[PDB]
Amino acid sequence: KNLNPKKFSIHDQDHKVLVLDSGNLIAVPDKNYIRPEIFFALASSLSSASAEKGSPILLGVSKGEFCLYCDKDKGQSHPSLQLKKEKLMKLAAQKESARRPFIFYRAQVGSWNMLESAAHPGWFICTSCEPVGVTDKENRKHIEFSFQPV
Amino acid sequence: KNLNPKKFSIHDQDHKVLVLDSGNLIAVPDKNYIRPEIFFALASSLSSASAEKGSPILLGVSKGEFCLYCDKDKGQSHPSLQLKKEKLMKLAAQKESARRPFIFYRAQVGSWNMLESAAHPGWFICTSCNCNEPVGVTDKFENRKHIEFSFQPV
């Protein structure tokens with residue numbers, strides 16, 4: 001659980017870039033005139049954790065004024081992906097119940113990365129062909145992300 | 001042409017910004033993550049200049065190399081502006097006949113700026129109405145905010 005965030009930008013393997021567009025996280029092509037959204041990742045272990053998957057981290061956009069979670073409301077049959085007006089430096093200091101929907105699992109592979117949820121396992125982060133959502137598989141490059149540093 | 005050029009971004013008065021996409025200059029909505037293409041203005045001169053037409057200026061895109069200019073290539077319908085792989089410091093000295101297509105007439109209007117070509121005066125540089133088009137040149141318009149441009153320096 002690092003006190004210092006590891007800032008970076010997120011790309012995918014269909015040549016796109018993740019930016020925050022009016023409070024909504026979408027993926028657009030990787031043109032030069034795009035200022036990628038800089039995310040603030042940082043480790044955060046889970047007590048009753050799980051194997052087979054990678055390292056648990058938190059996620060936050062725009063320095064840290066908004067964070068990622070995945071809860072499944074009433075609702076939309078599947079889980080979803082929304083933002084939260086909650087500072088990131090306040091998150092890792094909470095317990096285990098409030099940290100769970102915001103915890104993701106970065107499974108390292110090659111130059112690629114992929115974020116599996118924690119509250120709803122088997123549900124990853126994906127792009128489409130247009131906002132960013134979650135998936136329970138059905139493609140490949142829409143899950144393998146390349147993290148280029150700031 | 002004073003010492004050193006001027007740097008700014010071409011925001012048209014329809015809330016779109018000027019950026020360079022795949023070697024072509026387009027106009028996208030000025031969004032909170034769009035990196036506006038920084039232009040380089042060196043005020044040029046034309047001994048056979050036209051009255052009322054503003055100060056002659058040649059323009060460069062993305063760190064000097066690549067200047068814009070109006071011409072009439074093979075046998076098309078109308079003139080059009082393009083981009084030539086040439087350094088801005090190098091172009092400003094070549095012959096008046098060589099600089100002529102690259103010179104543009106900048107006539108300020110308050111916080112705004114007109115931009116008429118020197119190779120083909122009467123044709124003003126312009127943007128489109130739908131917000132995701134390449135910036136071109138026109139001689140008859142249908143809105144003011146597409147030739148009237150803001151030059152916000154950063």
# chains A, B, ... in the order shown; residues from 1 in each chain; ligands from 1

call {"tool": "interface_residues", "arguments": {"of": "chain A", "to": "chain B", "cutoff": "6 Å", "atoms": "only C-alpha atoms", "output": "PyMOL selection string"}}
result
chain A and resi 33-35

call {"tool": "write_last_selection", "arguments": {"atoms": "N, CA, C and O atoms", "output": "CSV table (one decimal), in the first residue's frame"}}
result
chain,number,residue,atom,x,y,z
A,33,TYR,N,-2.9,15.3,-30.9
A,33,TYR,CA,-3.5,16.4,-30.3
A,33,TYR,C,-4.4,16.0,-29.1
A,33,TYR,O,-5.1,16.9,-28.6
A,34,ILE,N,-4.3,14.8,-28.6
A,34,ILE,CA,-5.1,14.3,-27.5
A,34,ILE,C,-4.2,14.3,-26.3
A,34,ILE,O,-3.1,13.8,-26.3
A,35,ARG,N,-4.8,15.0,-25.2
A,35,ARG,CA,-4.1,15.0,-23.9
A,35,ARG,C,-4.7,13.8,-23.1
A,35,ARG,O,-5.8,14.0,-22.5

call {"tool": "residues_around", "arguments": {"residues": "residue 95 in chain A", "least_positions_apart": "4", "cutoff": "12 Å", "atoms": "only C-alpha atoms", "output": "MDAnalysis selection string"}}
result
chainID A and resid 44:47 90:91 99:100

call {"tool": "residues_around", "arguments": {"residues": "residue 132 in chain A", "least_positions_apart": "3", "cutoff": "9 Å", "atoms": "only C-alpha atoms", "output": "PyMOL selection string"}}
result
chain A and resi 18+24-27+81+125-128

call {"tool": "residues_around", "arguments": {"residues": "residue 48 in chain A", "least_positions_apart": "4", "cutoff": "12 Å", "atoms": "only C-alpha atoms", "output": "VMD selection string"}}
result
chain A and resid 56 96 to 97 100 118 to 119

call {"tool": "write_last_selection", "arguments": {"atoms": "N, CA and C atoms", "output": "CSV table (one decimal), in the first residue's frame"}}
result
chain,number,residue,atom,x,y,z
A,56,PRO,N,-4.0,-6.1,-6.4
A,56,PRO,CA,-5.2,-5.2,-6.2
A,56,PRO,C,-4.7,-3.7,-6.1
A,96,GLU,N,-12.7,-2.2,4.5
A,96,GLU,CA,-12.6,-3.3,3.5
A,96,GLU,C,-13.9,-3.3,2.7
A,97,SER,N,-15.0,-2.9,3.3
A,97,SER,CA,-16.3,-2.9,2.6
A,97,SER,C,-16.4,-1.7,1.6
A,100,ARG,N,-14.0,-2.3,-1.5
A,100,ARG,CA,-14.1,-3.4,-2.5
A,100,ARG,C,-14.5,-3.0,-3.9
A,118,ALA,N,-13.1,-6.5,-8.5
A,118,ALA,CA,-13.1,-7.2,-7.2
A,118,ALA,C,-14.5,-7.5,-6.6
A,119,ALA,N,-15.4,-6.5,-6.6
A,119,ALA,CA,-16.7,-6.7,-6.1
A,119,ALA,C,-17.5,-7.7,-7.0

call {"tool": "residues_around", "arguments": {"residues": "range 51-55 of chain A", "least_positions_apart": "6", "cutoff": "12 Å", "atoms": "only C-alpha atoms", "output": "PyMOL selection string"}}
result
chain A and resi 1+41-45+103-109+113-118+121-124

call {"tool": "closest_residue", "arguments": {"among": "B:6, B:140, B:100, B:120", "to": "residue 79 in chain B", "atoms": "only C-alpha atoms"}}
result
B:120

call {"tool": "residues_around", "arguments": {"residues": "residue 112 in chain B", "least_positions_apart": "6", "cutoff": "7 Å", "atoms": "only C-alpha atoms", "output": "list in words"}}
result
residues 148, 149 and 150 of chain B

call {"tool": "write_last_selection", "arguments": {"atoms": "N, CA and C atoms", "output": "mmCIF file, in the first residue's frame"}}
result
data_model
loop_
_atom_site.group_PDB
_atom_site.id
_atom_site.type_symbol
_atom_site.label_atom_id
_atom_site.label_comp_id
_atom_site.auth_asym_id
_atom_site.auth_seq_id
_atom_site.Cartn_x
_atom_site.Cartn_y
_atom_site.Cartn_z
ATOM 1 N N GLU B 148 -13.679 34.658 -39.086
ATOM 2 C CA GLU B 148 -13.235 35.452 -37.949
ATOM 3 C C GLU B 148 -12.593 34.528 -36.917
ATOM 4 N N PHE B 149 -11.311 34.746 -36.622
ATOM 5 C CA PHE B 149 -10.534 33.824 -35.801
ATOM 6 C C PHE B 149 -9.919 34.527 -34.600
ATOM 7 N N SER B 150 -9.869 33.814 -33.477
ATOM 8 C CA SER B 150 -9.202 34.275 -32.268
ATOM 9 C C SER B 150 -7.824 33.635 -32.164
#

call {"tool": "closest_residue", "arguments": {"among": "A:28, A:69, A:80, A:40", "to": "residue 129 in chain A", "atoms": "only C-alpha atoms"}}
result
A:28

call {"tool": "select_by_dssp", "arguments": {"residues": "range 39-99 of chain A", "states": "strand (DSSP E or B)", "output": "list in words"}}
result
residues 39, 40, 41, 42, 43, 55, 56, 57, 58, 60, 61, 66, 67, 68, 69, 82, 83 and 84 of chain A

call {"tool": "write_last_selection", "arguments": {"atoms": "C-alpha atoms", "output": "PDB file, in the first residue's frame"}}
result
ATOM      1  CA  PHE A  39      -4.663   8.037 -13.811  1.00  0.00           C
ATOM      2  CA  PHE A  40      -3.381   7.630 -10.248  1.00  0.00           C
ATOM      3  CA  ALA A  41      -2.852   3.934  -9.515  1.00  0.00           C
ATOM      4  CA  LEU A  42      -1.622   2.699  -6.147  1.00  0.00           C
ATOM      5  CA  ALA A  43      -1.500  -0.673  -4.419  1.00  0.00           C
ATOM      6  CA  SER A  55      -2.324  -7.174  -7.822  1.00  0.00           C
ATOM      7  CA  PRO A  56      -5.173  -5.152  -6.235  1.00  0.00           C
ATOM      8  CA  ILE A  57      -5.060  -1.387  -6.810  1.00  0.00           C
ATOM      9  CA  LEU A  58      -7.298   1.673  -6.701  1.00  0.00           C
ATOM     10  CA  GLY A  60      -8.696   7.655 -10.001  1.00  0.00           C
ATOM     11  CA  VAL A  61      -9.138  10.212 -12.785  1.00  0.00           C
ATOM     12  CA  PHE A  66     -13.042  11.024  -9.094  1.00  0.00           C
ATOM     13  CA  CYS A  67     -12.479   7.279  -8.756  1.00  0.00           C
ATOM     14  CA  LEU A  68     -13.623   4.092 -10.469  1.00  0.00           C
ATOM     15  CA  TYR A  69     -16.063   1.578  -9.018  1.00  0.00           C
ATOM     16  CA  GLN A  82     -19.280   4.885 -12.905  1.00  0.00           C
ATOM     17  CA  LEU A  83     -17.257   7.617 -11.206  1.00  0.00           C
ATOM     18  CA  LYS A  84     -17.339   8.775  -7.591  1.00  0.00           C
TER      19      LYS A  84
END

call {"tool": "residues_around", "arguments": {"residues": "residue 52 in chain B", "least_positions_apart": "2", "cutoff": "12 Å", "atoms": "only C-alpha atoms", "output": "PyMOL selection string"}}
result
chain B and resi 49-50+54-56+105-108+114+116+121-122

call {"tool": "write_last_selection", "arguments": {"atoms": "C-alpha atoms", "output": "PDB file, in the first residue's frame"}}
result
ATOM      1  CA  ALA B  49       0.706  44.259 -51.732  1.00  0.00           C
ATOM      2  CA  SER B  50      -2.990  45.132 -51.942  1.00  0.00           C
ATOM      3  CA  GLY B  54      -3.939  43.362 -43.729  1.00  0.00           C
ATOM      4  CA  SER B  55      -0.330  42.760 -42.803  1.00  0.00           C
ATOM      5  CA  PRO B  56       1.195  39.952 -44.925  1.00  0.00           C
ATOM      6  CA  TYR B 105      -3.358  38.713 -45.227  1.00  0.00           C
ATOM      7  CA  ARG B 106      -4.145  39.046 -41.511  1.00  0.00           C
ATOM      8  CA  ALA B 107      -6.673  41.819 -40.793  1.00  0.00           C
ATOM      9  CA  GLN B 108      -7.575  42.084 -37.114  1.00  0.00           C
ATOM     10  CA  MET B 114      -9.197  37.822 -40.835  1.00  0.00           C
ATOM     11  CA  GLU B 116      -6.937  36.167 -46.811  1.00  0.00           C
ATOM     12  CA  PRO B 121      -6.807  37.239 -52.781  1.00  0.00           C
ATOM     13  CA  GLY B 122     -10.552  37.383 -52.354  1.00  0.00           C
TER      14      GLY B 122
END

call {"tool": "select_by_dssp", "arguments": {"residues": "chain B", "states": "helix (DSSP H, G or I)", "output": "MDAnalysis selection string"}}
result
chainID B and resid 88:91 96:102 144:146

call {"tool": "atom_distance", "arguments": {"atom1": "CA of residue 61 in chain B", "atom2": "CA of residue 5 in chain B"}}
result
12.5 Å

call {"tool": "atom_distance", "arguments": {"atom1": "CA of residue 87 in chain B", "atom2": "CA of residue 135 in chain B"}}
result
21.0 Å
